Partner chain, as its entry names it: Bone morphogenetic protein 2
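Here we start with a single chain on its own, the form deposited without the partner chain, put down as structure tokens.
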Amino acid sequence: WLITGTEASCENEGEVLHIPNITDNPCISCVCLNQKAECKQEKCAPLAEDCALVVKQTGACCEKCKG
């Protein structure tokens, strides 16, 4: 069957296996863990809440603020 199921497998130990519903978010990436997508998500806390955002990249997950 051309379907691998909901589980993603890889050949390298500790590489990367990006998945939509998983890595769809920049903060979520997978790494070929034990032939499995070692996907983990990153979350950071704000500063001012409405801070001018002194930290932030064009394509970075995390983000700090304060202008």
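Positions refer to the first chain, counted from 1.
Although not depicted, the form solved in complex with the partner chain is the subject of the following passage.
S.K.: Answer with yes or no whether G67 is in contact with the partner chain in the deposited complex, where contact means some heavy atom within 4.5 Å.
M.R.: It does not: once the partner chain is placed as it appears in the deposited complex, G67 has no heavy atom within 4.5 Å of it.
S.K.: Report yes if any heavy atom of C39 sits within 4.5 Å of a heavy atom of the partner chain in the deposited complex; otherwise report no.
M.R.: Close contact exists here: in the deposited complex, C39 approaches the partner chain to within 4.5 Å, heavy atoms only.
S.K.: Do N21 and the partner chain come within 4.5 Å of each other in the deposited complex, heavy atoms counted?
M.R.: Yes, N21 sits close enough to the partner chain in the deposited complex that at least one of its heavy atoms falls within 4.5 Å.
S.K.: So in the deposited complex, does any heavy atom of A8 sit within 4.5 Å of the partner chain?
M.R.: Yes - in the deposited complex, heavy atoms of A8 and the partner chain come within 4.5 Å of each other.
S.K.: Out of 50-67, which residues reach within 4.5 Å of the partner chain in the deposited complex, heavy atoms considered?
M.R.: The stretch 50-67, when checked against the partner chain in the deposited complex, contributes no residue at the 4.5 Å heavy-atom cut-off.
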